[PDB]
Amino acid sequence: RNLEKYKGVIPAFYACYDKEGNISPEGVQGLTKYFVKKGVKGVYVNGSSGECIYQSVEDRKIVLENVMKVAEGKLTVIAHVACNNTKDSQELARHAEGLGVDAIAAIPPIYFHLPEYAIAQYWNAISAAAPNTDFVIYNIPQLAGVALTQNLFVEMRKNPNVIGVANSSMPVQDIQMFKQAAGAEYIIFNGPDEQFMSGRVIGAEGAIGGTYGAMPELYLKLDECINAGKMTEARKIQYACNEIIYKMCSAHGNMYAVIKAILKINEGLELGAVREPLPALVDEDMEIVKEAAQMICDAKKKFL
């Protein structure tokens, strides 16, 4: 199995709202054009970074449709289709296959801690609604409250559409164990942005992150140093990216609200705000937004 189109930097795609807080087709297209021009491997659409939790099935369809209008044939497209219930997730998995996305992805069931067999049934029911599309399993125990165990992964590998795991848990051992267990026909994507270099070297051939969109060139360059085996140059970029993450996370407003504001300053992008309950930016946050935006420009000057 050939998974080359999934190897590299795949930024998680942000939610693009107009001035009223509705999904902006124009906004979505503009952010996709930004990603095409920046030369990233692909986009991870309607994930946690895309505020999926807060969107309707229709909101999520519009996002993907407008992503495809611009990225179809140009970028690799992974659409996250998981919803609270199974029927909404199946509708999105069907819709995604209709647009010809490269892969569909799903986080586990949330809120309740469902047994392993219920998680496997949920994922396979989604996969069956898109029977010709590749499938990425999301391991995010911090948020979902349930983890992808080695046994659940063995069970999921029985589904031939399953191409691998997007690992957002903090231990890099999880990436190593998933990779070693699955072998060469599977791909592990690195989830913690702050550990990008560490996840990549231990076996993650993929990378999906929520902070990539704020500085795509830094991650591409980081990935370039990793591939070259230039670890000192990699370490130096990693520390600069993390220093920016910690700054974006020190705000009152949500990290994604900070990022959208940065993209206005650095790129003239109009992405709207964050959907409630995510906290919006306050006046005091503007200095944080400006300092982080400048840290990005300064890190690009220093490392590109």
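Numbers follow the displayed sequence, beginning with 1.
A.B. asks: Which is higher in the entry, the mean Cα B factor of 193 to 201 or that of 72 to 80?
C.D. replies: Result of the comparison: 72 to 80.
A.B. asks: On average, which has the higher Cα B-factor in the deposited entry, 93 to 101 or 109 to 117?
C.D. replies: Looking at the record's C-alpha B-factors, the answer is 93 to 101.
A.B. asks: Sorting 278, 262, 271, 240 by Cα temperature factor from the record, which one lands on top?
C.D. replies: Across 278, 262, 271, 240, the entry lists the biggest C-alpha B-factor for 271.
A.B. asks: Return the residue from 133, 173, 211, 142 that has the highest Cα B-factor in the entry.
C.D. replies: Max CA B-factor in the entry, restricted to 133, 173, 211, 142: 133.
A.B. asks: Using the B-factor values recorded in the entry, state whether the Cα atom of residue 177 falls in the lowest, middle or highest third among the modelled residues of its chain.
C.D. replies: It belongs to the lowest third of the chain when residues are ordered by C-alpha B-factor.
A.B. asks: Is the Cα B-factor recorded for residue 66 in the lowest, middle or highest third of its chain?
C.D. replies: Within its chain, residue 66 is a highest-third residue by C-alpha B-factor, going by the deposited values.
A.B. asks: Lowest, middle or highest third: where is residue 41 by Cα B-factor in its chain?
C.D. replies: It belongs to the middle third of the chain when residues are ordered by C-alpha B-factor.
A.B. asks: Could you tell me which third, lowest, middle or highest, the C-alpha B-factor of residue 169 occupies within its chain?
C.D. replies: For residue 169, the deposited C-alpha B-factor lands in the lowest third.
A.B. asks: Place residue 220 in the lowest, middle or highest third of its chain's C-alpha B-factors, as listed in the PDB entry.
C.D. replies: For residue 220, the deposited C-alpha B-factor lands in the lowest third.
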